[PDB]
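These notes are about the structure you will find just below.
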Amino acid sequence: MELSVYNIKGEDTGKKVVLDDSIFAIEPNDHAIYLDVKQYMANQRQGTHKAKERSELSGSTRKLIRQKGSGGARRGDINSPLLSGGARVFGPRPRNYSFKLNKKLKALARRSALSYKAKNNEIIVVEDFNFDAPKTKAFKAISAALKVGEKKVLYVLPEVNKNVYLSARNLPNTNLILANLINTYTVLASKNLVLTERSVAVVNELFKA
Amino acid sequence: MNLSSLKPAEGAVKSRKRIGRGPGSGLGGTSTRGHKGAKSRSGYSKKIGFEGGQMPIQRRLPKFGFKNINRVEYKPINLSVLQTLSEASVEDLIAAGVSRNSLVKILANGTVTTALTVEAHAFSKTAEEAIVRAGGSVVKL
Amino acid sequence: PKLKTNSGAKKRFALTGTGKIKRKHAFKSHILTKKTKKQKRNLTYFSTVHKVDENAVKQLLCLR
Amino acid sequence: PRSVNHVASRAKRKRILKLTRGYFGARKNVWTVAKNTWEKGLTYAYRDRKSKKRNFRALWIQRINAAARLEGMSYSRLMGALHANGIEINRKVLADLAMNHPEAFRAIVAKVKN
RNA sequence: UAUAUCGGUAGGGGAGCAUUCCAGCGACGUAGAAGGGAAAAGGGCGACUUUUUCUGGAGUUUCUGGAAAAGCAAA
RNA sequence: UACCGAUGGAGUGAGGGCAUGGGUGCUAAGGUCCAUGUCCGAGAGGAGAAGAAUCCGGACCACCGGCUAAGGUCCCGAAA
RNA sequence: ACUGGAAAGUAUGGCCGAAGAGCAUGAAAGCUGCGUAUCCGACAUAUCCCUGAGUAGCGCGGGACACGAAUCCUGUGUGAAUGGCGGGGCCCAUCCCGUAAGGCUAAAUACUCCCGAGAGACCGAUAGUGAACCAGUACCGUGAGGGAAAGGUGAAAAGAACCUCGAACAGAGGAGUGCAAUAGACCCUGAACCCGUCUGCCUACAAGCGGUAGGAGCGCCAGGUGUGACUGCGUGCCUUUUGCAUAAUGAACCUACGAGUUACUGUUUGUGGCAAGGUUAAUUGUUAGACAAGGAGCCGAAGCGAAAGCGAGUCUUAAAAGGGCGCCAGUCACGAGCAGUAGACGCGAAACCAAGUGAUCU
RNA sequence: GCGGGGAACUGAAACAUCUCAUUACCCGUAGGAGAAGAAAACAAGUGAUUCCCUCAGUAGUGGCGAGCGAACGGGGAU
RNA sequence: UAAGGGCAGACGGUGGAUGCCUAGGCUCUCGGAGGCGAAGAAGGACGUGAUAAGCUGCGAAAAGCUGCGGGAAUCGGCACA
Ligand SMILES: [K+]
Ligand SMILES: [K+]
Ligand SMILES: [K+]
Ligand SMILES: [K+]
Ligand SMILES: [K+]
Ligand SMILES: [K+]
Ligand SMILES: [K+]
Ligand SMILES: [K+]
Ligand SMILES: [K+]
Ligand SMILES: [Mg+2]
Ligand SMILES: [Mg+2]
Ligand SMILES: [Mg+2]
Ligand SMILES: [Mg+2]
Ligand SMILES: [Mg+2]
Ligand SMILES: [Mg+2]
Ligand SMILES: [Mg+2]
Ligand SMILES: [Mg+2]
Ligand SMILES: [Mg+2]
Ligand SMILES: [Mg+2]
Ligand SMILES: [Mg+2]
Ligand SMILES: [Mg+2]
Ligand SMILES: [Mg+2]
Ligand SMILES: [Mg+2]
Ligand SMILES: [Mg+2]
Ligand SMILES: [Mg+2]
Ligand SMILES: [Mg+2]
Ligand SMILES: [Mg+2]
Ligand SMILES: [Mg+2]
Ligand SMILES: [Mg+2]
Ligand SMILES: [Mg+2]
Ligand SMILES: [Mg+2]
Ligand SMILES: [Mg+2]
Ligand SMILES: [Mg+2]
Ligand SMILES: [Mg+2]
Ligand SMILES: [Mg+2]
Ligand SMILES: [Mg+2]
Ligand SMILES: [Mg+2]
Ligand SMILES: [Mg+2]
Ligand SMILES: [Mg+2]
Ligand SMILES: [Mg+2]
Ligand SMILES: [Mg+2]
Ligand SMILES: [Mg+2]
Ligand SMILES: [Mg+2]
Ligand SMILES: [Mg+2]
Ligand SMILES: [Mg+2]
Ligand SMILES: [Mg+2]
Ligand SMILES: [Mg+2]
Ligand SMILES: [Mg+2]
Ligand code: NA
Ligand code: NA
Ligand code: NA
Ligand code: NA
Ligand code: NA
């Protein structure tokens, strides 16, 4: 596809970039997007949860009552789950929730998300910019000029740009990401996607086909 | 779709079976186990190769044969795939485009019908006759 | 843990090309003057595992 | 996470116990006793929905028998005559006429009195 | 659209409801949240769900997907 | 109208009554062991006063409609 | 400005942002407080010719090695060589490799009583540690040892001056405080079982699981609601059984608690990605889980034969298709079912073994 | 961590070889780690130890039962 | 005529469920550190406050003594003085 380029003042610059068709104009795979999103949210998990089973309780293993003759239910030791304060049966155990997805499946899901953004027309290509000093107001003005300051936005940068990151840190509906670390969840989680020219070049080079 | 309207493919996810949770489910009470006996108890396990005390088949039958340690087994390659690789050269034995540092034996199932010099660890007599008839050569090394 | 093969089964059974189990007939080791020559040759030949004994032989060979 | 459905579990019992009001003693409010009583009642209700049709037909037949004997016939003779003449008025309507519209019942009887 | 079929134990198969928490999207709340009492209505059917009012005095919830310490009448 | 191949999941491997053909027993047993059907098991409804398998009959739900089965029609109790 | 007891709420209108983390504040605060981003800061005191002899080897009895008698070890008895000597799964010869009977050695590895800083699709007072509080306390036992229950007034004690009944706050009725005292000290909410009072209807000629289906009269508030004269039908439930109203088992009742879970490895299947190929593991780089690398390995791609081996053939045979087996789309995942190994659906023995405590009874 | 002693219930659908297990337990004794470590080695070319992924439930072992179970090689950390 | 009883509603009693709440647990991550003791340890006994000490701290100098650095208006530990 072809996208016009805006400066940081919100005005069309007359320059145009070409987005790779094999990235931005493919038929999206909804099942692939589902799988990639699920894997991302599973990898974020820290499954630190546990309860005490019978072998891990603190009571002694002594038979509480004699087997026959007392006239009540037969009883073993005090750690039984039938007793109040007894064992937790089949409670949680520490777990690792990561699983495997094929690399080609992940690439397909990434391209499906990008194609979906392009088809629904939320991709804005902007000129590369730098800040001499960190300043939240300047980044806010850039977002307002690009008309992305209402809903969630994701800016994609070609490199670190520490001053820009510091400027965008405090804004609540703004996310930043490097071009080479683009993933399906992050692309889909934001309403608007903003790319720079160098970011477009990097994405086209690195995620094609 | 976005994160708010995710949908798996139809029939991709299925709910698990949960037993011992009431009459309406069809899986409560005895919870699919039947009534009594060994198989109804917690911790029952099947003894593999056990038939109730009758001498099992894996003891009734006799042991046979032996396995050679230094068995030289070749990977078979046929004339049909030789000709397929030839039709996009005349000098085979590249074979990485397969194997991975293996011994290759050329066998005769299809037909070469070309003029190729093939290097391989082994050939069959039929394969040699076929390649020479089509006008080829062998390098058995 | 991974499944363990039964040692006796791995010494007594073998896989054929189309996923059949090869076995040897078992009545011929030490009482052979009394038996019949055709009987002995039919016990010499290599047989296959019956379908009802399959999946039990497979469980012994770790479903391989 | 830990899940205990306290409110739903209690609400199920409360909904059923609203249905056992009016029962005698512990059968109205004690829950295991009350729930036991309510299900046996449901089996009774299924059976009695079937029995109600037989009961009402028997009542209609008895009223028709009395009115026919007042007119000079018996129930079996009257119904045979009606069926022979092809009159399709059912026993519910005939009993209603016998109880409340004796002139109409009389004209019906006079139609087949031949 | 028709025809046929629809008693069920062991048992096999299918489709759903509620519960706790999470992500995304929407919402509600001192002009009264959750919980507790009473009343009314609803559902091919049901698990259950809405609404009104009193008490209560601070949190709760819809839809889509995800994960389980995910449902008691007898031991 | 659902019989075979191959595959995934089973449960069952304490049966019982009746009729028929028999063994055993005493041509006893609501006895016991086989065979052929059937029903209860796992089956509600109707008659038989009340009865697991005798006689009639296989319950998707509702109906204050109708016809019948076995068996009945003096009253309890529907119909001479 | 509005509501409110009280704004941090809602509606306006402003400002800061390298600070929109959080906690507290009379309800939910970027701009009220402590903080947060960022920058600055230490008088000390700490930290950074020779070549290994009771040997090598050997007998007997044993042990450890994956191995239940090669290599290694030795209780008992013996016992060399100095180019020589040892090993290559038992012994011999050749070949190859090494040089015992002396010693030291960082890293990559294992762990958490303790300290600092963090986190959770972990619990939330019968849960989570036995222990949120008086906790290894109370209590029990000669002793070793066993081992609990127990959180919540209110924003703020403003924790009720004073009056009345009464011997007394024993308790209550007031007044007053407070948004609220039916928040009054056992104090948020305040369910069930269980216990009462009032009002409506029924009930002292009546006989069985207590309901269910009909159905007057009476009583409340406009077709609803309470009761129920009288009539038909009806031997609870669970479990175990050929078969249970059974005089077979089981439960006083209520609330709360209580039982197919997870990991790994297989197998089948639903749905997917790539496809004659499919897939990475451990690990590494960048920035900080993501992205990229990493092809070792595994499966498929040719079978037959015990095997040498031959190959769309092959085995059997002197030879014959006479006979057997074969020729004539996979792989990696996600979800689910099932299996095995783990305590493996839960509760329950009589016992066995190890280390201790007891002769204050007898 | 190293060392000295060392069970049984259990599995084998009985049980004695075997298993449970060189586990529980008792005892002795270090350090921030300890042990190991520089070939009288593996193999049929590599080149000290240690740890991870494979090789592989393979070779073997076994009342050849139940079971037990390597190494060479290759890829890494160092 | 209801001695008493039955059912329903309302309102109370008991009891402490439920909802909401909590730094008290549980599982981990990263970085340190990995001992104390004859210069007398761990763990205790008895003391110590203006007023009895249940905890806490401390040791006949006994909820504390001295110096240096930091800080700037309250402080005299907790169990509603
Ligand atoms: K049951
Ligand atoms: K036997
Ligand atoms: K909640
Ligand atoms: K029989
Ligand atoms: K209050
Ligand atoms: K409050
Ligand atoms: K109350
Ligand atoms: K009644
Ligand atoms: K008894
Ligand atoms: Mg014990
Ligand atoms: Mg517990
Ligand atoms: Mg569970
Ligand atoms: Mg069933
Ligand atoms: Mg069974
Ligand atoms: Mg049972
Ligand atoms: Mg049985
Ligand atoms: Mg058990
Ligand atoms: Mg009828
Ligand atoms: Mg039917
Ligand atoms: Mg059915
Ligand atoms: Mg209100
Ligand atoms: Mg549960
Ligand atoms: Mg319950
Ligand atoms: Mg049997
Ligand atoms: Mg039998
Ligand atoms: Mg009999
Ligand atoms: Mg049965
Ligand atoms: Mg039947
Ligand atoms: Mg008729
Ligand atoms: Mg009559
Ligand atoms: Mg603030
Ligand atoms: Mg507790
Ligand atoms: Mg007094
Ligand atoms: Mg109140
Ligand atoms: Mg209260
Ligand atoms: Mg009388
Ligand atoms: Mg009377
Ligand atoms: Mg019996
Ligand atoms: Mg009966
Ligand atoms: Mg019994
Ligand atoms: Mg009893
Ligand atoms: Mg009973
Ligand atoms: Mg009960
Ligand atoms: Mg109970
Ligand atoms: Mg045994
Ligand atoms: Mg009364
Ligand atoms: Mg009450
Ligand atoms: Mg002194
Ligand atoms: Na099902
Ligand atoms: Na409040
Ligand atoms: Na007072
Ligand atoms: Na009892
Ligand atoms: Na009374």
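Order of the sequence lines fixes the chain letters, A, B, ..., with proteins taken first and strands second; residue numbering starts at 1 for each chain. Only this structure's heavy atoms are used, side chains among them; waters, hydrogens and symmetry mates stay out.
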Task: Spacing of A:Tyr34 atom OH relative to E:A23 atom P, expressed in whole Å - done: 18 Å
TODO: Determine the Euclidean distance between corresponding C1' atoms of I:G19 and E:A34; express it in Å to zero decimal places.
DONE: 6 Å
Open item on the list: Can you tell me if G:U99 puckers north or south, using the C1'-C2'-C3'-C4' torsion sign?
Closed with: south
Open item on the list: Can you say whether a donor on the side chain of D:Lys12 sits under 3.5 Å from an acceptor on the base of E:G46, or the other way round?
Closed with: no
- [ ] Record whether the side chain of A:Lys50 comes under 3.5 Å of the base of G:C122 through a donor-acceptor pair of N or O atoms.
- [x] no
Open item on the list: Using a distance-only criterion (donor-acceptor N/O pair, under 3.5 Å, no hydrogens), is the base of H:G67 paired with the side chain of C:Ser7?
Closed with: yes
- [ ] Between B:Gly11 and A:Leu105, just flag the one whose closest nucleotide in RNA chain G comes earlier from the 5' side.
- [x] B:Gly11
Task: Over 12 non-hydrogen atoms of neighbours within 6.0 angstrom of CZ in B:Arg60 - done: yes
Open item on the list: Quick check: any donor-acceptor pair below 3.5 Å linking the side-chain of A:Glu53 to the base of G:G343?
Closed with: yes
Open item on the list: Between the base of G:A349 and the side chain of A:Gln67, is one N or O donor paired with an acceptor at under 3.5 angstrom?
Closed with: no
Task: Any N/O donor-acceptor pair, C:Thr5 side-chain to H:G57 base, under 3.5 Å - done: no
Open item on the list: Are the six-membered rings on the bases of I:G59 and I:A60 close enough and parallel enough to be called stacked, with the limits being 5.5 Å between centres and 30° between planes?
Closed with: no
TODO: Taking only heavy atoms on the protein side, list every residue of residues 16-51 of chain D lying under 4.0 Å from any atom of RNA chain E, sorted numerically.
DONE: D:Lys18, D:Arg21, D:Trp31, D:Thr32, D:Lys35, D:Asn36
- [ ] May I ask you to establish whether C:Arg23 and C:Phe13 are in a cation-pi arrangement, using a distance under 6.0 Å from NZ or CZ to the six-membered ring centre and at most 45° from the ring axis?
- [x] no
Task: Most 5' of A:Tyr97 and B:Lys7 on RNA chain E, judged by nearest nucleotide - done: B:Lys7
Open item on the list: In whole Å, measure the gap between the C1' atoms of H:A77 and G:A106 for me.
Closed with: 15 Å
Open item on the list: Could you tell me the Watson-Crick or G-U partner of I:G59, where both distances fall under 3.5 Å? Say none if there is no partner.
Closed with: I:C46
Open item on the list: In whole Å, measure the gap between the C1' atoms of G:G159 and G:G178 for me.
Closed with: 11 Å
Task: Closest to the A:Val89 side chain, choosing from G:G130, G:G346, G:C334 - done: G:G346
Task: Geometric stacking, I:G34 and I:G35, six-membered rings, under 5.5 angstrom and under 30 degrees - done: no
Task: Salt-bridge contact B:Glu73-B:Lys105 (side-chain N to carboxylate O under 4.0 Å) - done: no
Task: Base partner of G:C50, which must satisfy Watson-Crick or wobble distances under 3.5 Å - done: none
Task: Any donor-acceptor N/O pair under 3.5 Å between F:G66 base and D:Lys92 side chain - done: no
Open item on the list: Looking at B:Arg59 and B:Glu51, is any side-chain nitrogen of the basic one under 4.0 Å from a carboxylate oxygen of the acidic one?
Closed with: no
TODO: Classify the side chain of A:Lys137 versus the base of G:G17 as yes if they form a donor-acceptor pair under 3.5 Å and no if they do not.
DONE: yes
Task: Closest listed nucleotide, where the reference is the side chain of B:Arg71 and the choices are G:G232, E:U20, G:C304 - done: G:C304
Open item on the list: For G:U239 and G:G89, is it a pair or not, if I count Watson-Crick and G-U wobble only and require both distances under 3.5 Å?
Closed with: no
Open item on the list: Applying the 3.5 Å rule to both hydrogen-bond distances, is there a Watson-Crick or wobble pair between G:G226 and G:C334?
Closed with: no
Task: Ring-ring stack between F:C56 and F:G57, thresholds 5.5 Å and 30° - done: yes
Open item on the list: At less than 3.5 Å, do the side-chain atoms of D:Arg10 and the base atoms of G:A191 form a donor-acceptor pair?
Closed with: yes
TODO: Kindly indicate whether the side chain of B:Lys63 and the base of H:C64 share any N or O donor-acceptor pair separated by less than 3.5 Å?
DONE: yes
Open item on the list: Is there, by distance only and without an angle test, a donor paired with an acceptor across the side chain of A:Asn170 and the base of G:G17 below 3.5 Å?
Closed with: yes
TODO: Kindly indicate whether the side chain of A:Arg93 and the base of G:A344 share any N or O donor-acceptor pair separated by less than 3.5 Å?
DONE: yes
Task: Contact state string [nucleotides 11-19 of chain E, B base, S sugar-phosphate only, - no protein heavy atom under 4.0 Å] - done: SSSS---SB
Task: Polar side-chain contact A:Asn102-G:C274 base: donor and acceptor under 3.5 Å - done: no
Open item on the list: Ignoring hydrogens, what is the shortest heavy-atom contact between A:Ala32 and A:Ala109? Give both atom names and the distance.
Closed with: O-CB, 3.4 Å
Open item on the list: Both A:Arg95 and D:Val7 contact RNA chain E. Taking the nearest nucleotide for each, which residue is further toward the 5' end?
Closed with: D:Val7
- [ ] Examine G:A229 and G:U286 and say if both key distances are under 3.5 Å for a Watson-Crick or a G-U wobble pair.
- [x] no
TODO: Please confirm whether neighbouring nucleotides E:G43 and E:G44 meet the stacking test: six-membered ring centres under 5.5 angstrom apart, planes under 30 degrees.
DONE: no
- [ ] Kindly check if G:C193 and G:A192, neighbours in the strand, have base rings whose centres sit closer than 5.5 angstrom and whose planes are less than 30 degrees apart?
- [x] yes
Task: Paired nucleotide for G:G33 [Watson-Crick or G-U wobble; both distances under 3.5 Å] - done: G:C23
Open item on the list: Can you pull out the residues from residues 44-56 of chain B that lie within a 4.0 Å heavy-atom distance of RNA chain G?
Closed with: B:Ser45, B:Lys46
Task: Counter-base of G:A355, judged by Watson-Crick or G-U geometry with both distances under 3.5 Å - done: none
Open item on the list: One thing to verify: whether A:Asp77 and A:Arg54 come together as a salt bridge, which I'm taking to mean a side-chain N less than 4.0 angstrom from a carboxylate O.
Closed with: yes
TODO: Check the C1'-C2'-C3'-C4' sign on E:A58 and let me know if the sugar comes out north or south.
DONE: south
Task: Assigned partner base of E:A68, Watson-Crick or wobble definition, under 3.5 Å - done: E:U19
- [ ] Please determine, for G:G118, whether a Watson-Crick or G-U wobble partner exists with both distances under 3.5 Å, and give it or none.
- [x] I:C28
Task: Main-chain N/O of B:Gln58 paired to C:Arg12 side chain as donor or acceptor, under 3.5 Å - done: yes
Open item on the list: Regarding G:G260, can its base be found pairing with the side chain of B:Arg21 as donor and acceptor, where the two atoms are less than 3.5 Å apart?
Closed with: no
Open item on the list: Taking G:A149 first: does it form a Watson-Crick or wobble pair with G:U240, both atom distances below 3.5 Å?
Closed with: no
- [ ] Answer yes if G:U269 and G:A106 form a Watson-Crick or G-U wobble pair with both distances under 3.5 Å, and no otherwise.
- [x] no
Open item on the list: With rounding to the closest Å, how many angstrom separate the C1' atoms on F:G51 and F:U32?
Closed with: 25 Å
Open item on the list: Considering just the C1'-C2'-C3'-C4' torsion, please state whether G:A29 has a north or south sugar.
Closed with: south
TODO: Scan every strand shown for a Watson-Crick or G-U wobble partner of H:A59, both distances under 3.5 Å, and answer none if you come up empty.
DONE: none
Task: Sugar of E:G32, sorted north or south by the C1'-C2'-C3'-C4' dihedral sign - done: south
Task: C1'-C2'-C3'-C4' sign verdict for the sugar of H:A39, north or south - done: south
- [ ] Counting heavy atoms from C-beta on, name the nucleotide in G:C291, G:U271, G:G311 closest to the side chain of A:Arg110.
- [x] G:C291
